[PDB]
There are 2 protein chains.
Amino acid sequence: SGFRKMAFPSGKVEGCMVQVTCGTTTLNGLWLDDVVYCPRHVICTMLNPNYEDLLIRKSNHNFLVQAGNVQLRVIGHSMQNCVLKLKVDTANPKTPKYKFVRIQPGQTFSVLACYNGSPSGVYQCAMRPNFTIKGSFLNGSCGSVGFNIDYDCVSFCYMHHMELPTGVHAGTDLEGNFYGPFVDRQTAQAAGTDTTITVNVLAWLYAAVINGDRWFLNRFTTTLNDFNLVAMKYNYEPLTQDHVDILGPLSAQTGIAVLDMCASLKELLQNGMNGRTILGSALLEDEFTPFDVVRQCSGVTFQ
Amino acid sequence: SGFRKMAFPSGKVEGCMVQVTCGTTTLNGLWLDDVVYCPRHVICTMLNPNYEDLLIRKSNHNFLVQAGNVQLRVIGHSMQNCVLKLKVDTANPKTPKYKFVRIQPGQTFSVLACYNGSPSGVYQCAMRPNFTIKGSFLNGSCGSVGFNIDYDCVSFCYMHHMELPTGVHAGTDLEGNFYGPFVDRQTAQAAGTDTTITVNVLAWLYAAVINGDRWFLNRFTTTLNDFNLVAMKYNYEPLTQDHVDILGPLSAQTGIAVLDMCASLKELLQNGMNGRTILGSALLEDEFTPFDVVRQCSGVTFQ
Ligand SMILES: *[C@H](O)[C@H](Cc1ccc[nH]c1=O)NC(=O)[C@H](CC(C)C)NC(=O)c1cc2c(OC)cccc2[nH]1
Ligand SMILES: *[C@H](O)[C@H](Cc1ccc[nH]c1=O)NC(=O)[C@H](CC(C)C)NC(=O)c1cc2c(OC)cccc2[nH]1
């Protein structure tokens, strides 16, 4: 019993973290096979950089790459969108089975926060509809990564580049393409309007039911259309039928049809919890996907 | 910027997790040097076990220990309080620098939840004043461990044995001694009355200030005595001067004396947040120690 915001075991990713220094800037890189991936702004010195030019100047030896104590000789270098790829003379023996994936807003992943090539800690978070994440990142964390694990395969989805004036965070996929409309410039860039991930809240309510919190379960039902109208008023993402279907397995487990839970959520948005808590929380939690709930409640393990 | 409930990187502990089977029961063990530590109730078959007797029957070969794919030959076995120690013929090459510690209520640690010797995920939690933890543990998780990391040293403090009727969790230190008044019997054991960790709430308020949430900061001050009276009414641990001193460094950082923050908390207990949030939360968070705050806000890393 019990429901926690659980992160993936981090060891497979820990074994890939390195430190990358160019001139005076040091940030984190990701060492897979004989390539180190890192954010390209390590070659900055930055209000508007011309990264292709800065890279003509730079030669391999200008990149100091340290894997713990060991220095790794850079024998080649290239750029792909906003990430630098440093070919090194040594393949990482701890490289896991891996993919690069681009996630969708609403999906979750674990962040391994690193400084100077060493891990500080791990937590789970959601890609917000506005393509930001509400993380815990200080200066020097750039190049920390986000990931999911599927059995033995690490799917890297996020590399950290920037903190916005709002104090939320923004970065790229491992092909260097930013999530959302940001650029890797030392300029102030505004977020974009966020909304709550409605399908995730419903998953979290099924998790509550599975654990034992049911007070919020109202006797009524509703239509997808009617619900999506009450949602718009409270800044909630529209629920699609793809979402309704993703919730089917939880619905079948708990004996509660999706539209009934939709009724029960519709109430909460209108009356609040009146001092009550769901799974130890007093706000409606939207950073658990339906998969996350099934994983945690089923004891799914990795390898 | 940003404050998350961050767990320790789990890789050092991942490298120690093994599967232990006796007859039909399989749970998790901790492999350090040539010893595997696990909960002794793996030799049960359980309403009131006589563990010393069951162990006379058992011979080494009766313990099936698997480290991933590899079987580890048990060449000796012994009990220490509620944990079994299985000497194996092979020393774990991934053993980290480590200590066994017994933590104090109010302190925090990370849990690496495992099943069948494999990790499911990692999260941070607090030892409650009543010596329980509010975890996420299913049947078969027993032998999962809790730990802290200090640079390169893993300090193991918790091994999981039981879930109480309340659905909170209870276990031992790595010397097999239970936290709180529980026993490893298949019986229903009641918790004991819990309270909120007052020093941790204050740390969490300094964390808020450090990040930018200050609305709750009242202009008044108060005495330790006066505050501890308002606390008792709301089921809050008494704040001692040892606690006040542990908060000194945060106080010095933020320019806010400890007793002033005590005034500002005294209000919240009396008026609530009136629909407002501190660090994205609408309840007063008590699972961050003062150290946890400084670690996270300072970028402290491990190795
Ligand atoms: C890389 O380690 C850091 C990450 C970081 C810095 C500070 C706080 N939290 C963090 O996570 N990245 C950067 O510093 C960016 C460097 C590159 C992409 C140019 N810069 C920013 O993230 C940044 C820059 C600015 C301004 O510059 C005018 C203005 C306002 C906000 C801002 N954020
Ligand atoms: C070990 O893997 C499990 C852990 C566990 C089981 C179920 C749910 N969450 C969990 O974390 N431990 C056990 O099953 C204990 C076995 C040993 C210590 C005997 N048993 C319990 O934790 C337990 C036993 C009971 C009752 O037995 C009459 C009654 C009520 C609650 C209860 N908990």
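So you know, we letter chains A, B, ... as the sequences are listed, proteins then strands, and number each from 1. What's counted below: heavy atoms across the whole structure, side chains too, no hydrogens, waters or symmetry copies.
- Interface check for chain B: of the options A/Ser120, A/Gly280, A/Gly11, A/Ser141, the most heavy-atom pairs under 4.5 Å are formed by A/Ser120.
- The choice from B/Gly68, B/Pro119, B/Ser110, B/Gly121 that makes the most heavy-atom pairs within less than 4.5 Å of chain A is B/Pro119.
- Note: B/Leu138 leads B/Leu138, B/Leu112, B/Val111 in heavy-atom pairs under 4.5 Å with chain A.
- Of the listed residues B/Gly167, B/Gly2, B/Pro9, the one with more heavy-atom pairs under 4.5 angstrom with chain A than any other is B/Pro9.
- B/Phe3 touches chain A through its backbone: at least one of N, CA, C or O sits under 4.5 Å from a heavy atom, while the side chain does not.
- Between atom SG of residue B/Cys114 and atom CZ of residue A/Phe302 there is a gap of 11.0 Å, rounded to the nearest 0.5 Å.
- Contacts of B/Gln296 with chain A are made by both backbone and side-chain atoms, with heavy-atom separations under 4.5 Å.
- With a 4.5 angstrom heavy-atom cutoff, B/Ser298 touches chain A only via backbone atoms.
- Taking CD of A/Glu163 as the start and OG of B/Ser1 as the end, the distance is 3.5 Å to the nearest 0.5 Å.
- Taken from OG in B/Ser136 to CG in A/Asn211, the straight-line distance is 7.5 Å, to the nearest 0.5 Å.
- Among the candidates A/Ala113, A/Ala282, A/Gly135, A/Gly117, the residue making the largest number of heavy-atom pairs closer than 4.5 Å to chain B is A/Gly135.
- Contact of B/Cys125 with chain A is made through backbone and side chain together, with heavy-atom distances under 4.5 Å.
- Between A/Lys134 and B/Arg4, the closest side-chain pair of non-hydrogen atoms falls below 4.5 Å.
- Heavy atoms of A/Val300 lying under 4.5 Å from chain B belong exclusively to its backbone.
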Inset, instruction - Evaluate side chain to side chain contact (heavy atoms under 4.5 Å, CB included) for A/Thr301 paired with B/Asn116, printing each intermediate quantity in order. - result: CA-CA 9 Å; A/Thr301 56; B/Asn116 298 295; over 6 Å; no
